[PDB]
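What follows is input_14.csv (CSV, C-alpha atoms and all ligand atoms).
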chain,number,residue,atom,x,y,z
A,1,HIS,CA,0.0,0.0,0.0
A,2,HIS,CA,1.4,3.4,-1.3
A,3,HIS,CA,0.7,6.9,0.1
A,4,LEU,CA,-1.8,9.3,-1.3
A,5,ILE,CA,-0.7,12.9,-0.3
A,6,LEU,CA,-2.4,16.2,-0.5
A,7,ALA,CA,0.2,18.7,-1.9
A,8,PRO,CA,0.6,22.1,-0.3
A,9,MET,CA,-1.5,24.9,-1.8
A,10,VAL,CA,-1.8,28.6,-0.8
A,11,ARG,CA,-5.5,29.4,0.2
A,12,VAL,CA,-6.7,25.9,-0.8
A,13,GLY,CA,-4.8,24.0,2.0
A,14,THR,CA,-6.7,25.3,5.0
A,15,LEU,CA,-8.2,23.0,7.6
A,16,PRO,CA,-11.6,22.3,5.7
A,17,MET,CA,-9.8,21.0,2.5
A,18,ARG,CA,-7.3,18.9,4.6
A,19,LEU,CA,-10.1,17.2,6.6
A,20,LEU,CA,-12.1,16.6,3.3
A,21,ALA,CA,-8.9,15.2,1.6
A,22,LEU,CA,-8.5,12.8,4.6
A,23,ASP,CA,-12.2,11.8,4.4
A,24,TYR,CA,-11.7,10.8,0.7
A,25,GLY,CA,-8.6,8.7,1.5
A,26,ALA,CA,-5.5,10.8,1.6
A,27,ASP,CA,-2.9,9.4,4.0
A,28,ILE,CA,-0.9,12.7,4.5
A,29,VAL,CA,-2.2,16.3,4.2
A,30,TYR,CA,0.1,19.3,3.6
A,31,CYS,CA,-1.0,22.7,4.6
A,32,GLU,CA,-0.7,25.9,2.5
A,33,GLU,CA,2.7,27.7,2.5
A,34,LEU,CA,3.0,29.9,5.6
A,35,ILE,CA,5.7,32.6,5.7
A,36,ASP,CA,8.1,32.4,8.6
A,37,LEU,CA,8.0,36.2,9.1
A,38,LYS,CA,4.2,36.0,9.9
A,39,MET,CA,4.4,32.7,12.0
A,40,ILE,CA,7.1,34.1,14.3
A,41,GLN,CA,4.6,36.8,15.4
A,42,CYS,CA,2.1,34.0,16.5
A,43,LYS,CA,0.9,32.6,19.9
A,44,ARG,CA,-0.4,29.0,20.3
A,45,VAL,CA,-3.9,29.1,21.6
A,46,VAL,CA,-6.0,26.1,22.5
A,47,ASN,CA,-9.5,26.7,21.2
A,48,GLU,CA,-12.1,25.0,23.4
A,49,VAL,CA,-15.1,26.4,21.4
A,50,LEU,CA,-13.9,24.8,18.0
A,51,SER,CA,-11.7,22.0,19.6
A,52,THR,CA,-8.7,23.2,17.5
A,53,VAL,CA,-5.2,24.4,18.2
A,54,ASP,CA,-4.9,28.0,16.8
A,55,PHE,CA,-1.8,30.0,15.9
A,56,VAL,CA,-2.9,33.6,16.3
A,57,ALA,CA,-1.1,36.8,15.0
A,58,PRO,CA,-1.1,40.1,17.0
A,59,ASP,CA,-4.0,41.5,14.8
A,60,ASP,CA,-6.2,38.5,16.2
A,61,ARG,CA,-6.0,36.6,12.8
A,62,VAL,CA,-5.7,32.9,13.1
A,63,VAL,CA,-2.8,32.0,10.7
A,64,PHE,CA,-2.9,28.2,11.2
A,65,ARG,CA,-5.6,26.1,12.7
A,66,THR,CA,-5.3,22.3,13.4
A,67,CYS,CA,-7.4,19.6,15.2
A,68,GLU,CA,-7.1,16.0,16.7
A,69,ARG,CA,-8.5,14.5,13.5
A,70,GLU,CA,-5.3,15.4,11.4
A,71,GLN,CA,-2.9,15.4,14.3
A,72,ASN,CA,-0.8,12.4,13.0
A,73,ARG,CA,-1.3,13.2,9.2
A,74,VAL,CA,-0.8,17.0,8.8
A,75,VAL,CA,2.6,18.4,7.3
A,76,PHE,CA,3.3,22.1,8.1
A,77,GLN,CA,4.8,23.8,5.1
A,78,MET,CA,6.9,27.0,5.8
A,79,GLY,CA,8.3,29.8,3.6
A,80,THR,CA,11.7,30.6,4.9
A,81,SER,CA,15.1,32.0,3.9
A,82,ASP,CA,16.7,32.0,7.4
A,83,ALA,CA,17.7,28.9,9.5
A,84,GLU,CA,17.1,30.5,12.9
A,85,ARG,CA,13.7,31.9,12.0
A,86,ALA,CA,12.7,28.4,10.4
A,87,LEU,CA,13.6,26.6,13.8
A,88,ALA,CA,11.7,29.3,15.7
A,89,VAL,CA,8.5,28.4,13.6
A,90,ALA,CA,9.2,24.6,13.9
A,91,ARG,CA,9.4,24.8,17.7
A,92,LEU,CA,6.1,26.8,17.7
A,93,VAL,CA,4.1,24.1,15.7
A,94,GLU,CA,6.0,20.8,16.3
A,95,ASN,CA,3.7,19.5,19.2
A,96,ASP,CA,0.6,19.9,16.9
A,97,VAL,CA,1.8,18.6,13.5
A,98,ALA,CA,3.2,15.3,12.1
A,99,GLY,CA,6.0,16.8,9.9
A,100,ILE,CA,7.8,20.0,8.9
A,101,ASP,CA,8.2,20.9,5.2
A,102,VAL,CA,10.3,23.8,3.6
A,103,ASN,CA,9.2,25.2,0.3
A,104,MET,CA,12.0,25.2,-2.3
A,105,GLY,CA,9.7,25.6,-5.5
A,106,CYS,CA,7.8,29.0,-5.2
A,107,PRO,CA,7.9,31.8,-7.9
A,108,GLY,CA,11.3,37.7,-0.6
A,109,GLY,CA,13.7,35.0,-2.1
A,110,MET,CA,12.3,31.8,-0.5
A,111,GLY,CA,10.9,29.2,-2.9
A,112,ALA,CA,12.8,28.2,-6.0
A,113,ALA,CA,15.2,31.1,-5.1
A,114,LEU,CA,16.7,28.8,-2.5
A,115,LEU,CA,17.5,26.2,-5.2
A,116,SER,CA,20.3,28.5,-6.4
A,117,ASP,CA,21.9,28.7,-2.9
A,118,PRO,CA,22.5,25.1,-1.8
A,119,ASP,CA,24.7,26.4,1.1
A,120,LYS,CA,21.5,28.1,2.5
A,121,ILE,CA,19.3,25.0,1.8
A,122,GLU,CA,21.9,22.9,3.7
A,123,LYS,CA,22.0,25.4,6.6
A,124,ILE,CA,18.1,25.6,6.9
A,125,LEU,CA,17.5,21.8,6.6
A,126,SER,CA,20.2,20.6,9.0
A,127,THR,CA,19.1,23.2,11.6
A,128,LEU,CA,15.5,21.8,11.4
A,129,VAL,CA,16.7,18.1,11.2
A,130,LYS,CA,18.8,18.6,14.4
A,131,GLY,CA,16.3,20.9,16.1
A,132,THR,CA,13.1,19.0,15.8
A,133,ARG,CA,11.8,15.5,16.7
A,134,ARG,CA,9.4,15.7,13.7
A,135,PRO,CA,10.3,14.3,10.2
A,136,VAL,CA,11.7,17.1,8.0
A,137,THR,CA,10.9,17.2,4.3
A,138,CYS,CA,11.3,19.7,1.5
A,139,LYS,CA,9.6,20.3,-1.9
A,140,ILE,CA,11.8,21.3,-4.9
A,141,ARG,CA,11.3,22.1,-8.6
A,142,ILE,CA,14.0,20.6,-11.0
A,143,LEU,CA,17.1,22.7,-12.1
A,144,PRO,CA,17.9,23.6,-15.8
A,145,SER,CA,20.9,21.2,-15.5
A,146,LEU,CA,20.3,17.5,-14.9
A,147,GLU,CA,23.8,17.3,-13.3
A,148,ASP,CA,23.0,20.3,-11.0
A,149,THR,CA,19.5,18.8,-10.1
A,150,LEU,CA,21.2,15.5,-9.2
A,151,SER,CA,24.0,17.2,-7.4
A,152,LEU,CA,21.6,19.3,-5.3
A,153,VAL,CA,19.3,16.4,-4.5
A,154,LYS,CA,22.2,14.3,-3.1
A,155,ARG,CA,23.3,17.4,-1.0
A,156,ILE,CA,19.7,17.8,0.3
A,157,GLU,CA,19.5,14.0,1.4
A,158,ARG,CA,22.9,14.5,3.3
A,159,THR,CA,21.2,16.9,5.7
A,160,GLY,CA,19.1,14.0,7.2
A,161,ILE,CA,15.7,14.9,5.6
A,162,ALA,CA,13.0,12.2,5.8
A,163,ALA,CA,11.7,12.6,2.1
A,164,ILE,CA,11.8,15.0,-0.9
A,165,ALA,CA,8.8,16.1,-3.0
A,166,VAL,CA,9.9,16.6,-6.6
A,167,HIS,CA,7.9,18.9,-8.9
A,168,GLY,CA,9.2,17.6,-12.3
A,169,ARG,CA,9.2,21.1,-13.8
A,170,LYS,CA,11.9,23.8,-14.0
A,171,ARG,CA,11.4,27.3,-12.5
A,172,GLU,CA,9.9,29.4,-15.5
A,173,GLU,CA,8.4,26.2,-17.0
A,174,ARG,CA,4.6,26.9,-17.2
A,175,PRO,CA,2.0,24.2,-16.2
A,176,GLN,CA,1.2,24.0,-20.0
A,177,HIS,CA,4.7,22.4,-20.4
A,178,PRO,CA,4.6,18.6,-19.6
A,179,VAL,CA,6.1,17.0,-16.4
A,180,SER,CA,9.5,15.3,-16.5
A,181,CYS,CA,8.9,11.7,-15.3
A,182,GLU,CA,12.5,10.8,-16.3
A,183,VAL,CA,14.1,13.5,-14.0
A,184,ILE,CA,11.9,12.3,-11.0
A,185,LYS,CA,13.0,8.6,-11.8
A,186,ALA,CA,16.8,9.6,-11.9
A,187,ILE,CA,16.3,11.2,-8.5
A,188,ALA,CA,14.3,8.3,-6.9
A,189,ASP,CA,16.9,5.7,-8.1
A,190,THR,CA,20.0,7.8,-6.8
A,191,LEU,CA,18.3,8.4,-3.3
A,192,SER,CA,18.0,6.0,-0.3
A,193,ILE,CA,15.2,8.3,1.1
A,194,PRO,CA,11.6,8.2,-0.2
A,195,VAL,CA,10.8,10.5,-3.2
A,196,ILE,CA,7.3,11.9,-3.6
A,197,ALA,CA,6.4,12.4,-7.3
A,198,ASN,CA,4.5,15.6,-8.2
A,199,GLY,CA,3.5,17.5,-11.3
A,200,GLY,CA,1.0,15.4,-13.3
A,201,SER,CA,-2.5,16.7,-12.6
A,202,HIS,CA,-4.3,17.6,-15.9
A,203,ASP,CA,-2.0,15.6,-18.2
A,204,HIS,CA,-1.6,12.4,-16.0
A,205,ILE,CA,-4.2,12.3,-13.1
A,206,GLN,CA,-7.9,12.6,-14.0
A,207,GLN,CA,-9.0,9.6,-11.9
A,208,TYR,CA,-7.8,7.5,-8.8
A,209,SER,CA,-6.3,4.7,-10.9
A,210,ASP,CA,-4.0,7.1,-12.7
A,211,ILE,CA,-2.2,8.0,-9.4
A,212,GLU,CA,-0.6,4.5,-9.3
A,213,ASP,CA,0.3,4.8,-13.0
A,214,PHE,CA,2.2,8.1,-12.3
A,215,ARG,CA,4.0,6.5,-9.3
A,216,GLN,CA,5.2,3.7,-11.7
A,217,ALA,CA,6.1,6.1,-14.5
A,218,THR,CA,8.3,8.1,-12.0
A,219,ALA,CA,9.5,5.1,-9.9
A,220,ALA,CA,8.7,7.2,-6.7
A,221,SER,CA,7.5,5.8,-3.3
A,222,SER,CA,4.3,8.0,-3.2
A,223,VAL,CA,2.5,10.7,-5.3
A,224,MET,CA,1.5,14.2,-4.2
A,225,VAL,CA,-1.7,15.7,-5.7
A,226,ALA,CA,-2.4,19.5,-6.0
A,227,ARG,CA,-4.7,20.8,-8.8
A,228,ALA,CA,-6.7,17.5,-9.2
A,229,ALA,CA,-7.5,17.5,-5.5
A,230,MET,CA,-8.3,21.2,-5.7
A,231,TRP,CA,-10.8,20.6,-8.6
A,232,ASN,CA,-12.3,17.6,-6.9
A,233,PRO,CA,-11.0,16.4,-3.5
A,234,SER,CA,-12.6,12.9,-4.0
A,235,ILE,CA,-9.7,12.1,-6.4
A,236,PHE,CA,-8.3,10.2,-3.4
A,237,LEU,CA,-11.4,7.9,-3.3
A,238,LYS,CA,-10.5,4.4,-4.6
A,239,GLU,CA,-14.2,3.6,-5.6
A,240,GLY,CA,-14.4,6.6,-8.1
A,241,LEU,CA,-15.2,10.3,-8.3
A,242,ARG,CA,-18.1,11.7,-6.3
A,243,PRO,CA,-20.5,14.4,-7.8
A,244,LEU,CA,-19.2,17.9,-7.2
A,245,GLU,CA,-22.5,19.1,-5.5
A,246,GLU,CA,-21.9,16.3,-2.9
A,247,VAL,CA,-18.1,17.2,-2.3
A,248,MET,CA,-19.0,21.0,-2.0
A,249,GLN,CA,-21.8,20.2,0.6
A,250,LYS,CA,-19.2,18.4,2.7
A,251,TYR,CA,-16.7,21.2,2.1
A,252,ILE,CA,-19.0,24.0,3.5
A,253,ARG,CA,-20.1,21.8,6.5
A,254,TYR,CA,-16.4,21.6,7.5
A,255,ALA,CA,-15.8,25.4,6.8
A,256,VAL,CA,-18.7,26.3,9.2
A,257,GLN,CA,-17.8,23.7,11.9
A,258,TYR,CA,-14.3,25.1,11.9
A,259,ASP,CA,-15.1,28.9,11.5
A,260,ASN,CA,-13.1,29.3,8.2
A,261,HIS,CA,-13.1,32.8,6.9
A,262,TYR,CA,-15.8,33.1,4.2
A,263,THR,CA,-13.5,34.6,1.5
A,264,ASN,CA,-11.3,31.4,1.9
A,265,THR,CA,-14.5,29.2,1.6
A,266,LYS,CA,-15.6,31.2,-1.5
A,267,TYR,CA,-12.1,30.8,-3.1
A,268,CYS,CA,-12.0,27.0,-2.7
A,269,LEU,CA,-15.6,26.7,-4.1
A,270,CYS,CA,-14.7,28.8,-7.2
A,271,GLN,CA,-11.7,26.4,-7.8
A,272,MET,CA,-14.0,23.4,-7.7
A,273,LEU,CA,-16.9,24.9,-9.7
A,274,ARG,CA,-14.6,26.7,-12.3
A,275,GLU,CA,-16.9,26.6,-15.5
A,276,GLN,CA,-20.0,26.1,-13.3
A,277,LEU,CA,-19.5,29.7,-11.8
A,278,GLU,CA,-22.0,31.0,-14.4
A,279,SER,CA,-24.8,28.8,-13.1
A,280,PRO,CA,-27.4,30.5,-10.7
A,281,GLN,CA,-25.5,28.9,-7.8
A,282,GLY,CA,-22.1,30.3,-9.0
A,283,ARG,CA,-23.6,33.8,-9.4
A,284,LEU,CA,-25.0,33.5,-5.8
A,285,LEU,CA,-21.6,32.3,-4.5
A,286,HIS,CA,-19.7,35.2,-6.2
A,287,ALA,CA,-22.2,37.6,-4.5
A,288,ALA,CA,-21.9,36.1,-1.0
A,289,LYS,CA,-20.8,38.7,1.6
A,290,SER,CA,-20.7,36.2,4.5
A,291,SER,CA,-20.6,32.4,5.5
A,292,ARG,CA,-24.5,32.5,6.0
A,293,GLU,CA,-24.8,33.7,2.4
A,294,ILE,CA,-22.6,30.8,1.2
A,295,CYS,CA,-24.7,28.3,3.0
A,296,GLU,CA,-27.9,30.1,1.6
A,297,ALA,CA,-26.5,29.5,-2.0
A,298,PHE,CA,-26.1,25.8,-1.3
A,299,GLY,CA,-29.2,25.0,0.9
A,300,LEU,CA,-27.2,24.8,4.1
A,301,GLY,CA,-28.8,27.8,5.8
A,302,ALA,CA,-30.5,25.5,8.4
A,303,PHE,CA,-27.2,23.8,9.1
A,304,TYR,CA,-25.4,27.2,9.5
A,305,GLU,CA,-28.0,28.5,12.1
A,306,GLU,CA,-27.8,25.2,14.1
A,307,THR,CA,-24.0,25.1,14.1
A,308,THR,CA,-23.6,28.9,14.8
A,309,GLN,CA,-26.1,28.5,17.7
A,310,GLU,CA,-24.5,25.3,19.1
A,311,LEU,CA,-21.0,27.0,18.8
A,312,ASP,CA,-22.3,30.2,20.6
A,401,LIG,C1,-3.6,27.2,-6.1
A,401,LIG,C2,-2.2,26.6,-6.0
A,401,LIG,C3,-1.4,27.0,-4.9
A,401,LIG,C4,-0.1,26.5,-4.7
A,401,LIG,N1,0.5,26.8,-3.6
A,401,LIG,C5,1.7,26.1,-3.3
A,401,LIG,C6,2.2,26.2,-1.9
A,401,LIG,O1,1.6,26.7,-1.0
A,401,LIG,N2,3.3,25.4,-1.8
A,401,LIG,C7,4.0,24.6,-2.7
A,401,LIG,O2,5.0,24.0,-2.4
A,401,LIG,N3,3.4,24.6,-4.0
A,401,LIG,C8,2.3,25.2,-4.2
A,401,LIG,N4,1.6,24.9,-5.4
A,401,LIG,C9,2.2,23.9,-6.3
A,401,LIG,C10,1.6,22.5,-6.1
A,401,LIG,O3,1.9,22.1,-4.8
A,401,LIG,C11,2.2,21.6,-7.1
A,401,LIG,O4,3.6,21.5,-7.0
A,401,LIG,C12,1.9,21.8,-8.6
A,401,LIG,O5,0.6,22.3,-8.8
A,401,LIG,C13,2.1,20.6,-9.5
A,401,LIG,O6,1.3,19.5,-9.0
A,401,LIG,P1,-0.1,19.1,-9.7
A,401,LIG,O7,0.2,18.7,-11.2
A,401,LIG,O8,-0.6,17.8,-9.0
A,401,LIG,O9,-1.0,20.2,-9.6
A,401,LIG,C14,0.4,25.5,-5.7
A,401,LIG,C15,-0.4,25.1,-6.8
A,401,LIG,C16,-1.7,25.6,-6.9
A,401,LIG,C17,-2.5,25.2,-8.1
As structure tokens, please, write out the structure in this file.
Amino acid sequence: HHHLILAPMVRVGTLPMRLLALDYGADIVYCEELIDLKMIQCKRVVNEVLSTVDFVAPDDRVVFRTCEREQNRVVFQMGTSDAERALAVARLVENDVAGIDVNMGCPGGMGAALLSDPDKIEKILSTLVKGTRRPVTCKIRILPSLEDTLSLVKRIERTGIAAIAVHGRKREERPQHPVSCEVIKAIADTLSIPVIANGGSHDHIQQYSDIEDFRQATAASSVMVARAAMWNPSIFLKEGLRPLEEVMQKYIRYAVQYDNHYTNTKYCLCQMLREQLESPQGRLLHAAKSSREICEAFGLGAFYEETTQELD
């Protein structure tokens, strides 16, 4: 049995999508990238009302929210360009998450910008590996040189990281451009640690059975799914895809139970609906100025009132 992983995604990877991905059969769920500069301003707050652990910023904004359900399966992804600041964040969240990931693939010089400075990647990763009891991973995009990609990947493993997620595309290579299954394979063979294949959503993964095909084509230990999970989170379901109306109902119920900010809920729903945003329901969703108005657009107004009342 191989591992089905929810890839990190800014705005999409909040608590409601993570819980929904686990319900549909994901083994590991990554959260959206969170910048170290915001996280170092946060306090850990135990929320007895929602039964969540909250990481609250000085402006009273909840930056990260987790719960007992994802406790052993959530991977905290951070945006960092400083080893001490990275460890400060890991020490804040380590008791509430299952792993620590560092973005090395993004477009303040943190993501794919790090790929050019292997000395900085080496400093950041070793500091985290030595400083936390949690498995450290990272997520990279490939380099323009196959020699430099392979050189960097062996350098990354040497820091003592648990696994490496490989997005089989170079920085500047648009999603239009196909994924490099060959470059992921060359990496998976040369490494002793597990390699997580990533990058084949529209072109390779349209159904559950295609995930195994992509793991074979790349010779990786597991596959990480982003866009296909964003479009329909039931991509993890072995039995087949579920109707979107059904998935969206389950999405909103989680967003209300866990007091997700309505603009975030709205965003994730627009990503699922995409062409259906011109339907009367899509028009109503676009117009929604609150969580109550989102539930109204989806016949969940009764559910919202009963949850809001039971929460207050
Ligand atoms: C909306 C969106 C947000 C993303 N945010 C992040 C992020 O927070 N961290 C990250 O490492 N990659 C981010 N990615 C990239 C994905 O994790 C992934 O590497 C990429 O989409 C290729 O995988 P896929 O073909 O399965 O979509 C994002 C992708 C999308 C579509």
Give as a VMD selection string the residues surrounding ligand LIG 401 (chain A) up to a distance of 7 Å, considering all atoms listed in the file.
chain A and resid 7 to 12 32 to 33 103 105 to 106 139 167 198 to 202 224 to 228
Keeping only C-alpha atoms, write the selected residues as a PDB file, keeping the file's coordinate frame.
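Generated file (part_38.pdb):
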ATOM      1  CA  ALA A   7       0.200  18.700  -1.900  1.00  0.00           C
ATOM      2  CA  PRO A   8       0.600  22.100  -0.300  1.00  0.00           C
ATOM      3  CA  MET A   9      -1.500  24.900  -1.800  1.00  0.00           C
ATOM      4  CA  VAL A  10      -1.800  28.600  -0.800  1.00  0.00           C
ATOM      5  CA  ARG A  11      -5.500  29.400   0.200  1.00  0.00           C
ATOM      6  CA  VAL A  12      -6.700  25.900  -0.800  1.00  0.00           C
ATOM      7  CA  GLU A  32      -0.700  25.900   2.500  1.00  0.00           C
ATOM      8  CA  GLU A  33       2.700  27.700   2.500  1.00  0.00           C
ATOM      9  CA  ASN A 103       9.200  25.200   0.300  1.00  0.00           C
ATOM     10  CA  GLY A 105       9.700  25.600  -5.500  1.00  0.00           C
ATOM     11  CA  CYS A 106       7.800  29.000  -5.200  1.00  0.00           C
ATOM     12  CA  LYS A 139       9.600  20.300  -1.900  1.00  0.00           C
ATOM     13  CA  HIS A 167       7.900  18.900  -8.900  1.00  0.00           C
ATOM     14  CA  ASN A 198       4.500  15.600  -8.200  1.00  0.00           C
ATOM     15  CA  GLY A 199       3.500  17.500 -11.300  1.00  0.00           C
ATOM     16  CA  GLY A 200       1.000  15.400 -13.300  1.00  0.00           C
ATOM     17  CA  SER A 201      -2.500  16.700 -12.600  1.00  0.00           C
ATOM     18  CA  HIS A 202      -4.300  17.600 -15.900  1.00  0.00           C
ATOM     19  CA  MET A 224       1.500  14.200  -4.200  1.00  0.00           C
ATOM     20  CA  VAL A 225      -1.700  15.700  -5.700  1.00  0.00           C
ATOM     21  CA  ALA A 226      -2.400  19.500  -6.000  1.00  0.00           C
ATOM     22  CA  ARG A 227      -4.700  20.800  -8.800  1.00  0.00           C
ATOM     23  CA  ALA A 228      -6.700  17.500  -9.200  1.00  0.00           C
TER      24      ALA A 228
END
Taking all listed atoms of stretch 191-202 of chain A, build the axis-aligned box, pad each of the six sides by 6 Å, then write its centre and edge lengths in Å to one decimal as lines of an AutoDock Vina configuration file.
center_x = 7.0
center_y = 11.8
center_z = -7.4
size_x = 34.6
size_y = 23.6
size_z = 29.0
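Residue nearest residue A:263 within the list A:248, A:40, A:277, A:288: A:288 [criterion: smallest interatomic distance, only C-alpha atoms].
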Test item: residues at most 10 Å from residue A:129, only C-alpha atoms, excluding those fewer than 6 positions along its chain, as a PyMOL selection string
chain A and resi 87+100+135-137+159-162
Quick one: write out the picked residues with C-alpha atoms as a compact mmCIF listing (two decimals), in the frame of the given file?
# COMPACT_ATOMS: atom_id res chain seq x y z
CA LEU A 87 13.60 26.60 13.80
CA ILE A 100 7.80 20.00 8.90
CA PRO A 135 10.30 14.30 10.20
CA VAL A 136 11.70 17.10 8.00
CA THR A 137 10.90 17.20 4.30
CA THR A 159 21.20 16.90 5.70
CA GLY A 160 19.10 14.00 7.20
CA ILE A 161 15.70 14.90 5.60
CA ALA A 162 13.00 12.20 5.80
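Between residue A:94 and the candidates A:142, A:115, A:287, A:53, the tightest atom-to-atom separation, counting all atoms listed in the file, involves A:53.
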Using all atoms listed in the file, can you list as a ChimeraX atom specification the residues within 12 Å of (16.9, 11.7, -16.4)?
/A:142-150,168,180-190,218-219
If you count only C-alpha atoms, which residues fall within 10 Å of residue A:237, apart from same-chain ones fewer than 4 positions away, as a PyMOL selection string?
chain A and resi 4+21-26+207-209+233+241-242
For residue A:85, the nearest of the candidates A:41, A:291, A:264, A:116, counting all atoms listed in the file
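The closest residue to residue A:85 is A:41.
Proximity to residue A:86 was assessed for A:223, A:153, A:121, A:20 counting all atoms listed in the file; the smallest distance is recorded for A:121.
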Just to confirm, what's the straight-line distance from atom CA of residue A:274 to atom CA of residue A:165 in Å (one decimal)?
27.3 Å
Quick one: residues within 12 Å of residue A:89, only C-alpha atoms, excluding same-chain residues fewer than 4 positions away - as a PyMOL selection string?
chain A and resi 34-44+55+64+76-80+82-85+93-95+97+100-102+127-128+131-132
For residue A:258, which residue among A:92, A:45, A:217, A:50 is the nearest when counting all atoms listed in the file?
A:50
